[PDB]
Amino acid sequence: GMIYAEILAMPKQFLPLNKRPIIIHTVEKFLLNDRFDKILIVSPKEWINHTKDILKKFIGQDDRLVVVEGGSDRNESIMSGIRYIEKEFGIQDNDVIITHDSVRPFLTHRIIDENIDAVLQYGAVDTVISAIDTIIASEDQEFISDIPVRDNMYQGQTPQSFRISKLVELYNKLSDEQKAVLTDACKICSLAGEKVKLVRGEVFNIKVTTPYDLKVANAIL
Amino acid sequence: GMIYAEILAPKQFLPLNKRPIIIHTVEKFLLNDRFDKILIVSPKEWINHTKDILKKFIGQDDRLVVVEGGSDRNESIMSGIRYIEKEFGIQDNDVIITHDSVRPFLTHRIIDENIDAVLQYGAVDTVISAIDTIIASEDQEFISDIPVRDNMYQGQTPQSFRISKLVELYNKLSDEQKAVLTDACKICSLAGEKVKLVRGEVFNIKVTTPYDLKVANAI
C-alpha cells in the first residue's frame, strides 16, 4: 500500500522559529523520511497561496509536497486530504495516512517511523506521553469535585495515524451530531471499538499555539 | 493566625542561570512579607548542603529554617508541621502554604491567592486547565478511553491548608490510603472537605529532568 503524510495547518503555523515559519520546520521532518509517497499540507482556503509561497521560498521544488484545502473542523480537514488522495491516486484498502499538527515541529525520526510501522500493523495509532501532572476534576471551576485515578494516564500528542479506508468507514457512520464536536480522530476509532495502538511521543513534541509556547519553542530548538 | 511556607525539597540544587533552582523558589517566598516562617524541608543527607546554599545566596534571614523531611512527601509535609508544633505551637487558624522546591516560576499572584483562599476555605489547590487531550490505557499498549475534558485540570503547587485540620484529616486515613496517596489535597478531598481552586500558570513547571532545565532558562 501507499503511505501518506497529512500535515494539518497570523495563523500560528506561520510564526517565525529561528527566522523560518514553524510549518517549514515541521514539513522538513517529513521530507527526511523516504517512505512517504505524498506529503499533504491541509490548509484553510484563505491561506493556501501563502502556504505554497512559503514552501517554495524555504524548501523549493519537491514533487511529494502538495497543499490542499481543508474543511469546517479538524476531522473534516483530515477527510479533505483523503478526498484529494482519492481523486489523484485512488484509495486502496491498505493505504495509511500519518496525520500531524503543523505547529508540532519537534517530532522525531523515531516517532514518525514508529507511527508508520504501528499503523501498518494495527490500523490506528495515537502518539502520547505519560501524564506528568496529577489530573483534577472540577464541575464548578471553583472547587475540586473529585480527583480521578491515574491508572495509566497520558497526554495526547500527534502524529495520529490511520488505515485510510478504515477511518473513512468509521467517519461516515458518525451521525451529523457527533463531528459537530469529536475533534479527535483517535477518539472516533476508540469510540467505535477499534484498538488504537500507542506510540511514545516526546516531552519536547510541543504544540506551538501561544507567544509563551514560541518562547519554549526557540529554547527547545 | 500565623502563615507559614513549606518548600518541599538532587534536582533542587541544579543551576538555573547560575543559581540553584531552590534559591529562585525561596526568593519568591521571601518577597512576600506575609510569611511568619519559611521552612525548607530536606532529607537529612542534604540539610547541610541546603543551609550552605541558603547562606551563600540569601544570607541571614530569621524567617528561613531548614527542617528534616520524612519518608515520603506527605510525611515531609507532616515533618515540617511537627517542627512548627515544637518551635511555635499551633493555633487552629494557622495555615501552611506547601510548594515544590523545583517550581521556581510561581508568581506573586499565585502565592497571595493561595494565602487568601486558605484563610477562607482551609484547603487550596493550584491548577491549570487541561489543554492536551487526556487518554487512559489499562495495558499501556492501546487506548482504553478518551474522556471529555470539559472540567479537567492539571495539578500544580502550592497546595495550602489550615494546619490543625490537615493533621486531623491525615490521621483519619488508613495505612492503605496513605500508602498510595500522593496528592496532599486528596487528604481533604477524601474527607469530603471542599478544596478551593487557585489558577496556576502554564510556566509554573517542575524542573526535574536534564531536559527540563532548558525549558527553564527560556521561561
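Bear in mind that the values in this text are calculations on the coordinates, not laboratory data. Every residue, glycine among them, receives a Cβ derived from its backbone with ideal geometry; neighbour counts consider all protein chains shown.
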**Message:** I want to check the label-to-label distance for A:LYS57 and B:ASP145. Put each point 7 Å from Cα in the C-beta direction and report it in nm to one decimal.
**Reply:** 4.7 nm
**Complete:** Residue by residue through segment B:85-93, the couplings from Karplus 6.51 cos²θ - 1.76 cosθ + 1.60 with θ = phi - 60°, in Hz, x for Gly and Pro, are 4, 6, 7, 10, x, 10, 9, 5, 8
**Asked** Ordered by residue, what ³J(HN,Hα) values in Hz, to whole numbers, does segment B:183-199 give under the Karplus form 6.51 cos²θ - 1.76 cosθ + 1.60, where θ = phi - 60° and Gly and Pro are x?
**Response** 9, 4, 5, 5, 3, 7, 3, 5, 9, x, 8, 6, 10, 6, 8, 10, 5
**Complete:** Amide H contacts under 5 Å for B:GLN156, restricted to residues at least 5 apart in sequence or on another chain and with H modeled in the peptide plane, are B:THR126, B:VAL127, B:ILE128
**Message:** What does the C-alpha gyration tensor say about the overall shape of chain A? Classify as rounded when a/c is under 1.5, otherwise prolate if a/b is larger than b/c, or oblate.
**Reply:** oblate
**Fill in**
Amide H neighbours of B:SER144 at under 5 Å, excluding residues fewer than 5 places away on the same chain, with H built from the backbone geometry, are B:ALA136, B:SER137, B:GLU138
**Prompt:** With each run of n ≥ 4 DSSP H residues scored as -39500 (n - 2.57), what mean residue ellipticity at 222 nm is computed for the protein assembly as shown after dividing by its residue count and rounding to the nearest 500 deg cm²/dmol?
**Reply:** -10500 deg cm²/dmol
**Request:** For segment B:168-182, just list the computed ³J(HN,Hα) in residue order, Karplus coefficients 6.51, -1.76 and 1.60, θ = phi - 60°, integers in Hz, with x standing in for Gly and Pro.
**Result:** 5, 5, 5, 7, 7, 6, 7, 3, 3, 4, 4, 4, 9, 4, 10
**Request:** Run down the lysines and flag those whose C-alpha is under 19 Å from the C-alpha of B:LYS194, throwing out any fewer than 8 positions away in its chain.
**Result:** B:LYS165, B:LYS172, B:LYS186
